[PDB]
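Colleague: Here is the sequence, then the experimental structure:
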Amino acid sequence: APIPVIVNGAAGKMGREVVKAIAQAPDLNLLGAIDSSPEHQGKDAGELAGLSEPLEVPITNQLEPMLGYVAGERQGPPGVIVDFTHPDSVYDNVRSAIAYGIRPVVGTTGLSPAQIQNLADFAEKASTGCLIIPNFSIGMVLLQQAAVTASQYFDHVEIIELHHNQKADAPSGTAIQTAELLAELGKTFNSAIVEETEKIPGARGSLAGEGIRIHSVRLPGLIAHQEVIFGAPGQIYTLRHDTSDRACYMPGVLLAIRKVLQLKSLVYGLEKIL
Ligand SMILES: [Mg+2]
């Protein structure tokens, strides 16, 4: 009895992909594809995202009809909506799904902490599960969980993060998220056993909460990589995540879709279901 899944933002880039992966997944069944683009309207969702025989689903553009349709007891699992929609509409699409009882799986792009607070409230009151997901890559999130665990027994830790050299911001978003997570415990790391001298400014990286250091490397040849290094006497423990090309959200997306069924309220971060 596979899961019935709506994909909002269906004709979009990540959207097209997710449609593809749901087709390949037997325990997941696409009931409906939605997009704003008038140019993509009639087409079949499967065919459109590039595969062989077209499914039986056209790329319509009205949400509630499809929601109501889904929340009509299928006899199988509760229904899921995966959103990949422009920032404008994300809050309202999500809220609209929650209202109908349909579980949202959606990234944080387009959503402010205050809005998430509000969606949290709608979900608790609705007792409808919802996943807000800052990072979709499994490896990153296992790394994050593993680091959080380890931080309770190690007092010393540094983060090294390496990206392609076209990348403007430093440190990256993810290295900082990872630092917040570690620092949420209210434990201070890296307490000095010596007064340091910076012979050259910048050598020790940036300071990011509860004494944690982040170092940022930029070179061509890299894509996205992150390494967390925990130290103790006689001992080093290193968690690394490397990205090979930028289409590895998928297992996370599908994992979100499966795991949200277990939820009666909103959860921030995938590292919490895992
Ligand atoms: Mg980033």
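Modeller: On my side now, so go ahead. Numbers count the residues shown, from 1 in each chain.

Colleague: nearest residue to residue 19 other than its sequence neighbours?
Modeller: residue 49 (4.4 Å; CB to CB, 6 or more residues apart in numbering). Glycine gets a C-beta too; all of them are placed from N, C-alpha and C.

Colleague: whoops, I mixed them up, residue 56
Modeller: Of all residues beyond its chain neighbours, the one nearest residue 56 is residue 44 (7.8 Å), with distances taken as CB to CB, 6+ apart.

Colleague: show me the contacts for the residue nearest to residue 19.
Modeller: 10, 15-17, 19-20 (CB atoms under 8 Å, 6 or more residues apart in numbering).

Colleague: Most neighbours out of these, which is it?
Modeller: Neighbour tally across those (other CB atoms under 10 Å): the maximum, 28 neighbours, falls on residue 10.

Colleague: ok, that residue - contacts?
Modeller: Here residue 10 is in contact with 16, 19, 33-35, 45, 48-49, 59 (CB under 8 Å, 6+ apart).

Colleague: Go through these and flag which are in strands.
Modeller: Using DSSP state E, the subset of these located in strands is 33-34.

Colleague: Next, format the contacts of residue 10 as CSV and append distance to residue 120.
Modeller: Listed next are the contacts of residue 10 as CSV, based on distance: CB to CB, whole Å:
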residue, distance to residue 120
16, 30
19, 28
33, 28
34, 24
35, 27
45, 31
48, 34
49, 32
59, 31
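
Colleague: from the contacts of residue 10, which is closest to the ion?
Modeller: residue 16 (22.4 Å; CB to the ion).

Colleague: Look up phi and psi at the nearest residue to that closest one once chain neighbours are set aside.
Modeller: Distance criterion CB to CB, 6+ apart; nearest residue to residue 16, sequence neighbours excluded, is residue 49 at 3.8 Å. Backbone torsions of residue 49, given as degrees, to the nearest 10, read phi -80, psi 0.

Colleague: Adjust the sequence numbering to begin at 22 for everything that follows.
Modeller: Let's use 22 as the start, then, which means that last one is residue 70.

Colleague: separation between residue 70 and residue 226?
Modeller: To residue 226, residue 70 is 42 Å away according to CB to CB, to the nearest Å.
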